[PDB]
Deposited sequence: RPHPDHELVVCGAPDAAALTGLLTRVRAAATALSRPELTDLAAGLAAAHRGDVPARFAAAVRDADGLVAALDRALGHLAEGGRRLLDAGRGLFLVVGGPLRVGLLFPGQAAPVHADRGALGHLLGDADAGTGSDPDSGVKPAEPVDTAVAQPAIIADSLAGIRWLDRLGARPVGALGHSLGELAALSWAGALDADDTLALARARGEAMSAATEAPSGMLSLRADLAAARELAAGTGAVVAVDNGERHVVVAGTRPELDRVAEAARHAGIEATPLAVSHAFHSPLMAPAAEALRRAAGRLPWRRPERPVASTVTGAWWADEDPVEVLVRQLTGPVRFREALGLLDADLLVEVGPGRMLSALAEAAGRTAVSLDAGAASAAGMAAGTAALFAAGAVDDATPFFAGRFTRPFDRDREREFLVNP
């Protein structure tokens, strides 16, 4: 792999300081192969009840020494919790922490991302292909969490990702979830009755509703105080873009040929209802914060919820606020939701399941171990 995962731990902070000092001395000038041997040994030796924990994803021995210097500096100042998702460095004394899962949906590319630089097109996703492709990578990430025995507090899924979150929660098996994703992507790829799309606003929900009022456009995706997407026909979107320029709000056209999460998706929701009502749904057994209802899942009919999902807004801000978690781990390809969660002020890292780079699998697994949601990092060293 291109990133190595280095874990260890000790009974308390003073003991962890001693151990990290020793690992730092031993790491200076190790070759890559030597680093892998050290890391594989440390994962074998530091598993089970490991009270105080360090984990880092590193490119090389110098990266490891850098990460240890940061962790040592932290402990020296009496710190007991250092969570740096963007550097894949995690240190926790007195855990476990609460870890929540994020299940992504389809990417939301900008139509013509400048470039000149703006201060001075992209093709839409093929949704019938993309939806089952993303769900397959998320189901691979759930298998990784199952191999590790992960113990998160709850999950949420963005749009499509709610299907994976329900599968993780036991409402539907993997094969049925993948088949439902195929059906959903086929339904949602059908043309809308008239040309339509989506427009991203750097603004909050009330500001978006003010710009959309009277235009025909509607809120499609509520991602947070800094990001709301509206949807509608092209004339409707043009009204909002004009209103946004007058109000001084940045409106960015997205590369999509559908007003997803608007009433123009009603025909697709009818087709989805047929596919969904044929499945042996079960009550979820783990907490799911729905981005359809903005509330915890509780005895809902899944057919009704997943059908009105298509026409109503994605309540990612509300669902993310419900999920009480010191650390979030994204379980899916890419880092779409970790980016969204970071923009809401939360700490998040992506496993980036199915990626060429082991960057995400090393960082994500480091986060799960240091937070105490998994007890054993040896699966990262298996079967290379």
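Peer 1: Would you list the gaps, meaning deposited-sequence stretches without C-alpha coordinates, in the order they occur?
Peer 2: Since the structure holds only modelled residues, the stretches it omits are 1-3, 124-140, 405-421.
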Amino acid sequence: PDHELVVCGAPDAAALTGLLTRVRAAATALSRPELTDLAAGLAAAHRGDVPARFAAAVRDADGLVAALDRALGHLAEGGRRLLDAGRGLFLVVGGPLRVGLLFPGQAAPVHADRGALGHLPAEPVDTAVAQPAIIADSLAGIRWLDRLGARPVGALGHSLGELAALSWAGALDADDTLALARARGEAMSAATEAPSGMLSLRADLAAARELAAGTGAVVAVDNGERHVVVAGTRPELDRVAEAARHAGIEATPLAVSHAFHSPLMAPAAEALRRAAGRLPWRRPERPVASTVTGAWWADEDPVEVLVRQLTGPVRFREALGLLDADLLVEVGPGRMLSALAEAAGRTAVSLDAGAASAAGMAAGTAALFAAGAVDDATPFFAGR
From here on, numbers count along this sequence of modelled residues.
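Peer 1: Can you tell me whether 18-26 has a higher mean C-alpha B factor than 371-379 in this record, or the other way round?
Peer 2: Stretch with the greater average CA B-factor: 18-26.
Peer 1: Could you check the entry and say whether 219-227 or 88-96 has the higher mean CA B-factor?
Peer 2: Stretch with the greater average CA B-factor: 88-96.
Peer 1: Checking the entry, which one of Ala56, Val349, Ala358, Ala341 has the top C-alpha B factor?
Peer 2: Comparing C-alpha B-factors across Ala56, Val349, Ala358, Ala341, the top value belongs to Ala358.
Peer 1: Per the entry, which of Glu300, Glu210, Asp137, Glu162 tops the list for Cα B factor?
Peer 2: In the PDB entry, the greatest C-alpha B-factor among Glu300, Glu210, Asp137, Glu162 is found at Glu300.
Peer 1: So where's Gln309 on the chain's Cα temperature factor ranking, which third?
Peer 2: CA B-factor rank for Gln309: lowest third.
Peer 1: Could you look up the Cα B-factor of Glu318 in the entry and say which third of the chain it sits in: lowest, middle or highest?
Peer 2: For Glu318, the deposited C-alpha B-factor lands in the lowest third.
Peer 1: Place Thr127 in the lowest, middle or highest third of its chain's C-alpha B-factors, as listed in the PDB entry.
Peer 2: Its C-alpha B-factor belongs to the highest third of this chain's values.
Peer 1: Is the Cα B-factor recorded for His46 in the lowest, middle or highest third of its chain?
Peer 2: Lowest third - that is where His46 ends up once the chain's C-alpha B-factors are sorted.
Peer 1: Please say which third, lowest, middle or highest, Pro280 falls into when its CA temperature factor is compared across its chain.
Peer 2: Its C-alpha B-factor belongs to the highest third of this chain's values.
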